[PDB]
Asks: 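Structure incoming, see below.
Indexing begins at 1, ligand by ligand and atom by atom, following the structure's order. Values below: every heavy atom of this structure, side chains too, minus hydrogens, waters and symmetry copies. Starting from 1, each residue takes its place in the sequence as its number.
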Amino acid sequence: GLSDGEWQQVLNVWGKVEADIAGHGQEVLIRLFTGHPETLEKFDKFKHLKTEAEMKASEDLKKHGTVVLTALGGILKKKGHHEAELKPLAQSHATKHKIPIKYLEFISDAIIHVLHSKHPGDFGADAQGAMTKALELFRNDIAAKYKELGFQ
Ligand code: MNR
């Protein structure tokens with residue numbers, strides 16, 4: 001797991017996200033979609049987005065980004081004690097949305113990139129280590145539920 005020190009770093013970094021949840025959410029999803037266009041195909045509500053301009057101009061994409069990061073922030077504030085929060089997400093993503101664990105890897109990487117991009121020189125080596133661990137824990141606990149369901 002993460003240490004107390006590490007959790008404190010994670011939630012300190014998260015303060016940056018909470019100051020502009022929509023901006024961060026948008027950039028995360030744009031980073032995902034542009035870097036991995038197959039991921040866009042998982043969203044019937046975003047498949048019409050043919051260009052990054054169109055993505056950037058989509059109010060609904062920003063709305064979804066807020067939903068995404070709000071759910072993730074809920075999970076993070078539980079400091080690993082997130083069974084109740086993570087289980088239904090694991091299950092809707094495997095059973096309904098059909099999201100391979102690789103895509104969760106993609107978005108984890110996207111969050112790290114976006115933090116650097118929006119906060120260059122203000123997301124230190126310790127911060128990245130702690131946030132990376134938190135995102136890995138999240139991914140790994142989802143992966144456990146995916147295996148349970150035989151998904152992917
Ligand atoms: C590649 C695509 C996918 C990735 C990566 C991904 C990653 C993540 C992620 C990682 C940080 C979090 C947190 C996250 C959280 C959510 N997510 Mn998700 N998600 N996610 C979808 C695709 C993906 N998610 C789709 C498709 C829907 C339904 C969208 C709609 O039509 O309204 C959805 C829906 C949702 C919803 C709405 C409730 C539900 O349906 O369970 C939340 C919350």
Asks: Who's touching ligand 1 if we go heavy atoms under 4.0 Å?
Replies: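 Shell around ligand 1 (4.0 Å, heavy atoms): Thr39, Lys42, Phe43, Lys45, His64, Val67, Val68, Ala71, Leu72, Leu89, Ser92, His93, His97, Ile99, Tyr103, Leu104, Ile107, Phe138.
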Asks: Who pairs with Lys79 by salt bridge (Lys or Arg N to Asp or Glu O under 4.0 Å), at least two apart in sequence or on another chain?
Replies: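 Partners of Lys79 by the salt bridge (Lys or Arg N to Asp or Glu O under 4.0 Å) criterion come out as none, since no residue qualifies.
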Asks: Does this structure show an ion pair linking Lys133 with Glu136, if we count only N-O contacts that are shorter than 4.0 Å?
Replies: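 No, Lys133 and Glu136 are not salt-bridged.
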Asks: Mind listing the side-chain donor-acceptor pairs of residues 83-92 below 3.5 Å, one per line with the distance, residues two or more places apart or on another chain?
Replies:
unit_1: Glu83; atom_1: OE1; unit_2: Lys145; atom_2: NZ; d: 3.1
unit_1: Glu83; atom_1: OE2; unit_2: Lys145; atom_2: NZ; d: 2.9
unit_1: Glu85; atom_1: OE2; unit_2: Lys78; atom_2: NZ; d: 3.2
unit_1: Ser92; atom_1: OG; unit_2: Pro88; atom_2: O; d: 3.4
unit_1: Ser92; atom_1: OG; unit_2: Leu89; atom_2: O; d: 3.3

Asks: Could you label the plane-to-plane angle of the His36 and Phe106 rings as parallel, tilted or perpendicular, counting under 30° as parallel and over 60° as perpendicular?
Replies: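 Correct class here is parallel.
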Asks: Is atom CG of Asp60 surrounded by more than 12 heavy atoms (other residues, nucleotides or ligands) closer than 6.0 Å?
Replies: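 Buried by this count: over 12 neighbours within 6.0 Å.
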Asks: Which atom pairs, one a donor and one an acceptor, fall under 3.5 Å between side chains of residues 112-129 and the rest of the protein, sequence neighbours left out?
Replies:
unit_1: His113; atom_1: NE2; unit_2: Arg31; atom_2: NH1; d: 3.4
unit_1: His116; atom_1: NE2; unit_2: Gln128; atom_2: NE2; d: 2.9
unit_1: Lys118; atom_1: NZ; unit_2: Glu27; atom_2: OE2; d: 2.8
unit_1: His119; atom_1: NE2; unit_2: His24; atom_2: NE2; d: 3.0
unit_1: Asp122; atom_1: OD2; unit_2: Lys16; atom_2: NZ; d: 2.9

